[PDB]
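First comes one chain, alone, set out as structure tokens in the form deposited in one PDB entry.
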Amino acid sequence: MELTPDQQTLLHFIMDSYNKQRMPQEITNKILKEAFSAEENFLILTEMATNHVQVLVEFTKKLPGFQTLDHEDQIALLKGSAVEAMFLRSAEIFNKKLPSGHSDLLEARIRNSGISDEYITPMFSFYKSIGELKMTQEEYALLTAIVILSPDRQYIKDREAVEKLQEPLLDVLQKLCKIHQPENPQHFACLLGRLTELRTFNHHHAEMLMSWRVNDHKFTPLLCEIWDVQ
């Protein structure tokens, strides 16, 4: 039931790499301070997402066994998980506790950022349902690692090799779920269930970006490689 010394070592190593990401407070301070036009908000999103992918590649490289994978499979895992990891991180930031009234303002500011109405509802439906899990930082870190090391990703030549790397992370997450939420034995299944909803954002990511209420949709060369844009 308890984590082994090897698992505790794995967990702290993954926590340390995960903590290298841009701080949630930095992001919410910017959105909460003042209101921006849809044009300014689009630019904030592309810079935020560019930094996210850069740090995600650094986090992915540190995942045990990742560097032993075939180079083409490495690209396929990164490309297959980038958008999902971005929405998982956004969901984590959204659910961080803030002073009274701040989360209501954050929600209203995101709702009026320039994103199409069609996508506001499924985005907030996902954020609120992630929030009901009351996940710890370790649970978000492991889930992000599990998302990256998905063997069921398209163009993966050697699935078994990816499975071998994901399995120890799934076992660590399962133990944490039993430790953090012993009254809810369904917790682990609920976290895994949320990965299916994550996959839906990846299906409509390009349309979500192109329907942003701006006249021009400019993307960084790194974003064009990761997103199906320009």
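Throughout, we count residues from 1 along the sequence that is shown. What we label the rigid core is the largest C-alpha set whose atoms superpose within 1.5 Å from one form to the other.
Which of the two stretches, 80-88 or 150-158, shows the higher mean Cα temperature factor in the record?
The entry gives the higher C-alpha B-factor average to 150-158.
Between 163-171 and 177-185, which has the higher average C-alpha B-factor in the PDB entry?
Between 163-171 and 177-185, it is 177-185.
Highest Cα B-factor in the PDB entry belongs to which of 74, 144, 100, 136?
Most elevated C-alpha B-factor of the set, per the entry: 100.
According to the Cα B-factor stored in this entry, which of the following is highest: 52, 33, 199, 61?
Within the set 52, 33, 199, 61, 33 shows the top C-alpha B-factor.
Looking at the C-alpha B-factor of residue 37, is it in the lowest, middle or highest third of its chain?
Middle third of the chain for residue 37's C-alpha B-factor.
Lowest, middle or highest third: where is residue 46 by C-alpha B factor in its chain?
For residue 46, the deposited C-alpha B-factor lands in the lowest third.
Check where residue 223 lands among this chain's C-alpha B-factors and tell me if it's the lowest, middle or highest third.
Lowest third, going by the recorded CA B-factors of the chain.
Lowest, middle or highest third of the chain for the C-alpha temperature factor of residue 119?
Ranked within chain, residue 119 CA B lands in the highest tercile.
How does the C-alpha B factor of residue 106 compare with the rest of the chain: lowest, middle or highest third?
According to the entry, residue 106 has a C-alpha B-factor in the chain's middle third.
In what follows, reference is made to the form deposited in another entry, a form of this protein that is not presented.
When the rigid core of both forms is overlaid, which of 32, 161, 195, 170 is the one whose C-alpha moves 2 angstroms or more between the shown form and the other one?
So the residue whose C-alpha moves 2 Å or more is 32.
On a rigid core superposition, would residue 76 pass a 2 Å threshold for CA movement between the shown form and the other one?
Residue 76: C-alpha displaced by less than 2 Å between the shown form and the other one.
Core-aligned, is the CA shift for residue 114 between the shown form and the other one 2 angstroms or more?
Indeed, residue 114 is displaced by 2 Å or more.
Superposing on the rigid core, is the Cα displacement of residue 136 between the shown form and the other one 2 Å or more?
No, its C-alpha moves less than 2 Å.
Since the Cα-Cα distance for residue 24 and residue 200 shifts by 3 angstroms or more in the other form, is it a contraction (closer) or an expansion (farther)?
Farther: residue 24 and residue 200 separate by 3 Å or more in the other form.
Between the shown chain and the other structure, the Cα gap of residue 138 to residue 25 differs by 3 Å or more. Is it closer or farther in the other form?
They are farther apart; the C-alpha distance rises by 3 Å or more in the other form.
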